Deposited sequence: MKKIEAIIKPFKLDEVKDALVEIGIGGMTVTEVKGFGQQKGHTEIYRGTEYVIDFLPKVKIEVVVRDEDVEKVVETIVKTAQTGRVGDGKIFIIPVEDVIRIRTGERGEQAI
């Protein structure tokens, strides 16, 4: 499993969220942040199975891209376990 953390322009959030839901993303966490003299940005975090990482990365790139400076970056971070709070399910059963 991997955590995909993407920092994008705020106005791109609904489009990116819609695109991710469309390819099957079940959950996502959004944080208001600032970055680069700081400009507002939106952080999106999604945790997915290893075999789904590339599709998510390409979907975020294609949907959040404007071609202008400041479009943002995506970081792929390893996740060793995932636990669903409601049920105690883990790993594959919790994504």
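Going by the record, the unmodelled stretch of the deposited sequence is 37-53, and nothing else is missing.
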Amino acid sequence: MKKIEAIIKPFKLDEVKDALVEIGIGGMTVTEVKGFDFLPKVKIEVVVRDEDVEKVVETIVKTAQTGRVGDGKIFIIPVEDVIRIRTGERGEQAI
From here on, numbers count along this sequence of modelled residues.
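Remark: stretch with higher mean C-alpha B factor among 76-84 and 21-29 is 21-29.
For the pair 54-62 and 40-48, the record assigns the higher mean C-alpha temperature factor to 54-62. Among the modelled residues of its chain, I8 has a C-alpha B-factor that falls in the lowest third, as given in the PDB entry.
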